[PDB]
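Encoded as structure tokens, the structure appears first; notes follow it.
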Amino acid sequence: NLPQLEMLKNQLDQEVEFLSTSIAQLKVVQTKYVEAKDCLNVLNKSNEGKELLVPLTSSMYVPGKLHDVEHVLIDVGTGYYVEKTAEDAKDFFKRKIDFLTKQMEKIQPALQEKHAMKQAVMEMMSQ
Amino acid sequence: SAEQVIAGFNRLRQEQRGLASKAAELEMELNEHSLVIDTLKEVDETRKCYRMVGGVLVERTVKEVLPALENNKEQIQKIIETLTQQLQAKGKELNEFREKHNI
Amino acid sequence: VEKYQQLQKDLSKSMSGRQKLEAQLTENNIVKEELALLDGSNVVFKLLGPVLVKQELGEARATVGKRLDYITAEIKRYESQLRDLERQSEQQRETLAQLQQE
Amino acid sequence: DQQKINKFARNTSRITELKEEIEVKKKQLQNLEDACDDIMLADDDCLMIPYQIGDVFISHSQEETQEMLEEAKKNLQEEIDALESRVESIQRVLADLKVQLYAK
Amino acid sequence: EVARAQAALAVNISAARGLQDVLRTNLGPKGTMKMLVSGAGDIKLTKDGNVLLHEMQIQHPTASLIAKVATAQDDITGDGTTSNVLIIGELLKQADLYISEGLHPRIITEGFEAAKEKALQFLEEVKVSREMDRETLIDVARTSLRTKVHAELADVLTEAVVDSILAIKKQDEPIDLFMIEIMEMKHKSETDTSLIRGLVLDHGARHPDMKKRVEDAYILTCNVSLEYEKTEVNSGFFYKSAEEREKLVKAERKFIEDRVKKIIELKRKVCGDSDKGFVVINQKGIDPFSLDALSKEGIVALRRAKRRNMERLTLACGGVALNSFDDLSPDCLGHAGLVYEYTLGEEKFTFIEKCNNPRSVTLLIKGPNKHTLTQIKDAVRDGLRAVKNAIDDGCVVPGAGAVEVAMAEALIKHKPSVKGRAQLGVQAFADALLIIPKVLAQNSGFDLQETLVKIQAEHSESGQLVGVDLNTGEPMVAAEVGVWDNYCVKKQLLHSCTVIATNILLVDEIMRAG
Amino acid sequence: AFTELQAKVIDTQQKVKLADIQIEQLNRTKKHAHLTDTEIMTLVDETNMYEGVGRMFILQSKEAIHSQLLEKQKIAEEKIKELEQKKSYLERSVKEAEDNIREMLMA
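Protein chains in written order, with the entry's author numbering: chain 5, 11 to 137; chain 2, 22 to 124; chain 6, 13 to 114; chain 4, 19 to 122; chain F, 12 to 525; chain 1, 12 to 118.
Here it is, written out as structure tokens:
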């Protein structure tokens, strides 16, 4: 009874934290998908011609001039070049936002399943 | 009874770990304030200095970038002493309330 | 017994590169959703290292179609690799445990 | 207390660190080399060939596009020869530390 | 396994024989001492009717029930539990003979009942309403202690016993829940035993003579740390981050000097002078450089105090626990009238008497710190529980067999329930009463038959309650000897005997189950 | 039986812990969007001002950037109302139901 449950409640604590860390990773993945749409919102609205400071590399910025706001690269596949317009790019970002949400949604009751089972072992040891 | 003493000392130790995350989080930033203010003074400051952080560039000069560098370094070293005194005062307070309760 | 962990490490190393493929597997299906909308509206290139090389849309459809097929080829061998390493080690957990006892 | 086995423990650990450095430089060597052959095969000089340097791009010939990768393969391989010249130097002490336990 | 028609009754009565036989010489001053080394595998010196039952590793189910039954008697009386053991096997002896003649146990059980309430009728007849004067309380306390220990040890202890129960009459309490604190003094002779009206503190304040004579004691019973443990943690215990653990160190030394300065403000808050004293009882050790500085301020500061003393000093004297020494009025603290540091043994034992409320009286025995000190501990404990019954009742009776033959004269000769079915159980009942006077005198040398014919005649002659002198073997009148029993005690032993006799008599199968 | 109604309010407690942490972000995002608006309303020297979401920083005049940064604090101002009303609602849902649980189990 009780020595089995004291080993059992400690195992489920890792299984919560292993899944919850995977939730924390996929939020970072959909973070840049929100971030790429909001960069794209300024792009069509402003105009071509405005000066931008973009990273040449890490912590080093190169200036430049802006042209062709209605044609953008989308990085999908295994790392593949896909040229799209800016209008279809917003739809595919929000599609990937709901996709990464869907990746966390299948974990989410199972994340709560490992938490509620551990609490029930805490109750069964208490009862 | 001796259980109120030995458990209250466990309460003061857990606040030492609650003290632990906040002061060292600021302490990592003051050394970044150390390395930045030295490279700016060695390099040319006649051309205009900006302030670049994540998400915003405000077009500035050297005379507006320079004082906040010395300001934000001095504010950190005060708070890491301040956060030490407050949480260690909290460990003294919970011990005497446990001794006056269960007597 | 070192033979217990050795069959597990050879299995788990194959699983880690296999889990890499599955996010690529989904995004190989994402690009086929995006290549189907293109018929000449936007051409495609290929991002391969430090060189970005021109493609066509039919060239793109075969390209992600092959890489979809290479993932599935590495999926099926692991199903052979899963059952073999779990059954060989299960035989080893009985015999090699008796070696350390006597 | 033995100071020769103190040298013998340092010697074997220096054998291990060298061989691992060779393996990671060989995989970088083939990675650049097979990156050369794939991009030449598809679409040589038609109008222009963009080449990645960060996020800005240069348009030039197909063979010069290989040439930046060719140089780094030359720099990497000379290290691999120099790494194996240190793998050989860590073996001569290993044959000689056996006698020095008996000498001193 | 089952126990059938004859055997299930037989194992019960035969076990009641040897239980009564081994526990024979345990009641009264003829009652010999007993040791257990088979109850816990330790050198143990033990005497009571209940305590000997609880220590022995008994497996017979009857003696296990009697240990439960006499527990209810031991909660009220104490001694008298060894009185109950003697009458049970004697009661089972006579009725079994009728069953050995062939008779239902239930008709004898039917005869056990009406025989009992005639004796219960006789207890109101034989009760002797005496005063609860101290010398009358001495005679109860003499026979209670001489049952368990020597008489020379008893009379020294009897002086300390009868004065504390007069102090609980100041609280108008008929019972004894407090004034029962047995404190033990390191000695080599248990011939000495001191009575302190207040309390006894068992410590001596490492730098001595801080203030050893305190005429105005304002007591603070606290447990404040002055030798504070200083830890650096990042995980709840010692961790590997050397960068993190360093910053907590500067606040650790600020706690010790914090508690030293709080003592100074409290002394001027309570006293205002050094003519009025102030006593700090710390449950923990105190810094000796603080014990030097507190001694000059007019403070005695006792250290490492026992946690059992921590509550009882709050009850009689007062003083609540803190972890600070903040400015407190004398209303928040208690008072003691006199504090004196006494020394006997390797420890100083500070006496603290004449409390804010003298509600608990400390019984300080001395002794060689042996099981003899344990043997005098429960002896005075049962000494206090016996005279607890004396404050309960109004009628203190000459006991030791004086009532026992006096009941059996009325029971046998006068049939209460003249119908012959119940008088059979009367005959077993009245012969059960004889076992206490007859065999202890027979143990003393004058055998049981010379004792019975003497005390039956003399009580029928006089009506004065002649008992039995347990040191000669012949009946002497217990009214002048001072071997007395309470009206509260003698009812329950009649009560506890009968109910536990009938149910084990009325079994026919003892089956293994569970 | 009675075990199932225990677990429902316990699962409601962890939804409050999710509700408690959302208001700490949205209060911070309002004030920080207000804080960056103050530093650009501080200067009068230069109308040059860069805005961006990624590591791009487009060249625009500062005055149109103010009114957009006026909208940035405002949407974060709008969300702290709907969350705190929600956070109180989930608090009232679990705590008032918790009054039902313990007093009738201990009964």
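The C-beta atom is built at its ideal place from N, Cα and C for all residues, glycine as well.
query, result
"Check whether the region 133-142 of chain F touches the region 390-397 of chain F, counting contact only when three or more Cβ pairs, one atom from each stretch, lie closer than 8 angstroms.", "no"
"Taking any Cβ of chain 6, which residues in the region 41-60 of chain 4 have a Cβ under 7 angstroms from it, in chain order?", "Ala53, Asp56, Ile57 and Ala60"
"Spell out whether any CB of chain 1 is found under 7 angstroms from the CB atom of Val79 (chain 5).", "no"
"Could one say the Cβ of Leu70 (chain 1) lies closer than 7 angstroms to chain 5's Cβ atoms, at least one of them?", "yes"
"Identify, in the order they occur along the chain, each residue of the same chain with its Cβ nearer than 7 angstroms to the Cβ of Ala16 (chain F), setting aside the five sequence neighbours on each side.", "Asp519"
"For chain 4, is any of its Cβ atoms less than 7 angstroms away from the one on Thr67 (chain 5)?", "yes"
"According to DSSP, is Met60 (chain 1) helix, strand or coil?", "strand"
"Is it right to say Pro379 (chain F) is buried, meaning 16 or more other beta carbons lie within 10 angstroms of its own, or is it exposed?", "exposed"
"Inspect the beta-carbon positions of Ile97 (chain 2) and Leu61 (chain 2) and report whether they are closer than 7 angstroms.", "no"
"Buried or exposed, going by whether 16 or more other CB atoms sit within 10 Å of the CB of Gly122 (chain F)?", "buried"
"Mind listing, in chain order, the continuous alpha helix (DSSP H) runs of no fewer than 4 residues lying wholly within the region 42-90 of chain 1?", "none"
"How do the region 102-113 of chain F and the region 406-424 of chain F stand: do at least 3 beta-carbon pairs fall below 8 angstroms, yes or no?", "no"
"Using the Cβ count rule (16 or more neighbours within 10 Å means buried), how would you classify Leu116 (chain 1)?", "exposed"
"My guess is that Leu115 (chain 4) and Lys25 (chain 4) are in contact by the Cβ rule of under 8 angstroms, so how many angstroms apart are they, rounded?", "6 angstroms"
"Check whether the region 80-92 of chain 4 touches the region 62-72 of chain 4, taking contact to mean three or more Cβ pairs, one atom from each stretch, closer than 8 angstroms.", "yes"
"Using 6 angstroms as the cut-off, classify the Cβ of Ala312 (chain F) as near or not near the heavy atoms of the ligand ADP, replying yes or no.", "The ligand ADP is absent from the structure shown, which contains no ligands of any kind."
"Measuring straight from C-alpha to C-alpha, what distance separates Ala72 (chain 6) and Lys41 (chain 1)?", "45 angstroms"
"Establish whether the CB of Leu60 (chain 6) and some CB of chain 4 are separated by less than 7 angstroms.", "yes"
"Could you list the residues in the region 70-94 of chain 2 with a C-beta less than 7 angstroms from some C-beta on chain 1, going in chain order?", "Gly76, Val77, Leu78, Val79 and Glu80"
"Counting along the chain, where does the beta strand (DSSP E) carrying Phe248 (chain F) start and finish?", "No beta strand (DSSP E) contains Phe248 (chain F), which DSSP labels as neither H nor E."
"Using DSSP's beta-bridge definition, name the partner residues of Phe289 (chain F).", "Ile310 (chain F)"
"Under 7 angstroms between C-beta atoms, does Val64 (chain 1) make it to chain 5?", "yes"
"Determine the chain 6 residues that contact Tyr91 (chain 5) at a beta-carbon separation under 7 angstroms, and present them in chain order.", "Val56, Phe57, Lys58, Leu59 and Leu64"
"Could you tell me whether the Cβ of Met117 (chain 1) comes closer than 7 angstroms to any Cβ of chain 5?", "no"
"For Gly356 (chain F), I'd like the list of residues in its chain whose CB is within less than 8 angstroms of its CB, leaving aside the five on either flank, ordered along the chain.", "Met196, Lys197 and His198"
"Could you check if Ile32 (chain 1) is buried or exposed, using at least 16 other CB atoms within 10 Å of its CB as the buried criterion?", "exposed"
"Whole beta strand (DSSP E) runs in the region 407-463 of chain F with 3 or more residues, listed along the chain?", "407-409"
"Counting only Cβ pairs nearer than 9 angstroms, list the residues of chain 5 close to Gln36 (chain 6).", "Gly87, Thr88 and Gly89"
"Contact criterion: CB-CB distance below 7 angstroms. Does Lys94 (chain 5) meet it with respect to chain 6?", "yes"
"Can you tell me which of the three DSSP states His125 (chain 5) falls into?", "helix"
"Please check if any C-beta of chain 2 sits within less than 7 angstroms of the C-beta of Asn368 (chain F).", "no"
"Using a beta-carbon distance cut-off of less than 8 angstroms, what residues from the region 68-86 of chain 6 approach chain 5?", "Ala72, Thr75, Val76 and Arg79"
"Give the range of the alpha helix (DSSP H) segment to which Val65 (chain 6) is assigned.", "Not the alpha helix (DSSP H): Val65 (chain 6) falls in the beta strand (DSSP E), residues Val63 to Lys66."
"Are the beta-carbon atoms belonging to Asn334 (chain F) and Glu117 (chain 2) less than 7 angstroms from one another?", "yes"
"Leaving aside the five residues before and after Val27 (chain 1) along the sequence, list all residues of the same chain whose C-beta is less than 8 angstroms from its C-beta, in chain order.", "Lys98, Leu101, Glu102 and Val105"
"Listing by chain order, which chain 6 residues have their CB less than 9 angstroms from the CB of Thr83 (chain 4)?", "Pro62 and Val63"
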